[PDB]
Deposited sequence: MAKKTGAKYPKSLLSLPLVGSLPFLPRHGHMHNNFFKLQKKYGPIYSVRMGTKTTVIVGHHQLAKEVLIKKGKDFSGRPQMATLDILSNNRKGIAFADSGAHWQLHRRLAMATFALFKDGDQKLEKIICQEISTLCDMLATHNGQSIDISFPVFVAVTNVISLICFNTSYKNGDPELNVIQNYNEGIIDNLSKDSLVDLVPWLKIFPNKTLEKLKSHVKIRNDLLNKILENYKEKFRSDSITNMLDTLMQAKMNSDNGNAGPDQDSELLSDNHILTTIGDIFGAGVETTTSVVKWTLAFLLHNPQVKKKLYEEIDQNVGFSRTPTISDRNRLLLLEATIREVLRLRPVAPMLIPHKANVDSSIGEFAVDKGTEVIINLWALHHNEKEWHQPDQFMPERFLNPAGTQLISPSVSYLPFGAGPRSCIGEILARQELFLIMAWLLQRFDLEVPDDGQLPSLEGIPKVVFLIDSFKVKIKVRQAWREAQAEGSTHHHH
């Protein structure tokens, strides 16, 4: 009477719970760092901030690779661009170019605060027409951030009603949906197991997206001139002519613009939706934010970047949203470029390594009541300045593969929330339904579409 032969073993049920939460629960049994193997591939899950900072910072270069995935190969055209590119010359080149591009908006007649505030005023006007109604603000916000990125990349933007915006929204939604079912970290490779159309569907969306990028590129090749470097595509093209020109082919440049448009639009739109959601569940915090803005900016002017020194609760709220609901609760998978180690455990070349950011932001030894939305935790006991209550906090990642849009992201988020609170009461709809805060884990941690009643504030109207 013997034990059964065991051909496979998994520690939890696939497709049951959010994987990032499942991995975190396993830490109780197994500690902050453990592995799983799928056939020949081995993946390592890291869940403590110290070990995470070893992988991301102290040994960044050792762990800066990206694993190959069938779906990411499609979206990135066989590993071009920045985000899904393996570490290497192509990756390093476009990455630095993209970062240098942000210097052309440091100030001057192309100031980032002004570009953003231009789109936000259009967004505000649009939303004012819905005065007294309940709406889903996904699309207006998406259009506003799409313009901002479009100005950074091409110095161009869309007029309201350009149906191209609906086209983009449509393939974005389709890409995000098919890129993964679960998180980007899929436990079992079901895609390569059962008959399915996922790759063909993803191809189809990626086709439409690429053909649109091709179109914009051929138009820009004729508008481009060496004496005017004002946007990202200039930088890529200026760099191509000075040139190792195999790293700056057409596909490379498109894939790069693709990632920039991708991350620029989807992440920022998502965090605004989450922020509005959390405020609808917390009228009291929302009350104090109105009081804060009314008493620090008033209705004599619009909010500006420099008001982030004054509106501290607004900055704390944004930080607390990125804690509870990180856009990428498992970053993007890393990969060991060389043989190495984490916490003095050996990690081989080619081993996939996921940072469970969700664990870092809910670690009970590092955060007081992690389950709770408490913007206060980012304010000194008085409320006079911001502080870092924990080092176990990495919403934008760190080291070599860290976010390159973080400042753009922080500022866009700050200004949208600041303007919106200045002009609008944002209440629960007359149906009384609150948004679900459970979320949907894709490559981005989406929130369910919900509605808000939007009303021009009486205090703003009086300002005439």
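Where C-alpha coordinates are absent, the deposited sequence of this PDB chain has the segments 1-12, 256-264, 486-494.
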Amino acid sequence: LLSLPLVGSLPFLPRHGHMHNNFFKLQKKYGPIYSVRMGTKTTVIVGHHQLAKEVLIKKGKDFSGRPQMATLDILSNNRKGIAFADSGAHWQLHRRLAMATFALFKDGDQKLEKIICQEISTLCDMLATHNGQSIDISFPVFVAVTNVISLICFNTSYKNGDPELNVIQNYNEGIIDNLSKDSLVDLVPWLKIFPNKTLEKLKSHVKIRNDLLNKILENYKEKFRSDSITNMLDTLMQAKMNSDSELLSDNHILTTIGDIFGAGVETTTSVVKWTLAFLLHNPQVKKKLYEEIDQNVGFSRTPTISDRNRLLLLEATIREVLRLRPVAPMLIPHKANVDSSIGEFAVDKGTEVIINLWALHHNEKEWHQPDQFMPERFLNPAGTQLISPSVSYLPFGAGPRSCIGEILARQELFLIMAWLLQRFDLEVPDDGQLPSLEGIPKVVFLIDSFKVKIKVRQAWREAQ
From here on, numbers count along this sequence of modelled residues.
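Checked against the record, the higher mean CA B factor of 101-109 and 174-182 lies with 101-109.
Stretches 379-387 and 206-214 differ in mean C-alpha B factor, with the higher average recorded for 379-387. In the PDB entry, the Cα temperature factor peaks, among 166, 275, 340, 228, at 228. Note on the listed residues 320, 294, 352, 136: the highest Cα temperature factor in the record is that of 294. Per-chain ranking of the deposited C-alpha B factor places residue 447 in the lowest third. Split the chain's modelled residues into thirds by C-alpha temperature factor. Residue 153 is in the middle one. Among all modelled residues in this chain, the alpha-carbon of residue 140 has a temperature factor (C-alpha) in the lowest third. Compared with the other modelled residues of the chain, the Cα B-factor recorded for residue 64 ranks in the lowest third. Per-chain ranking of the deposited C-alpha B factor places residue 46 in the lowest third.
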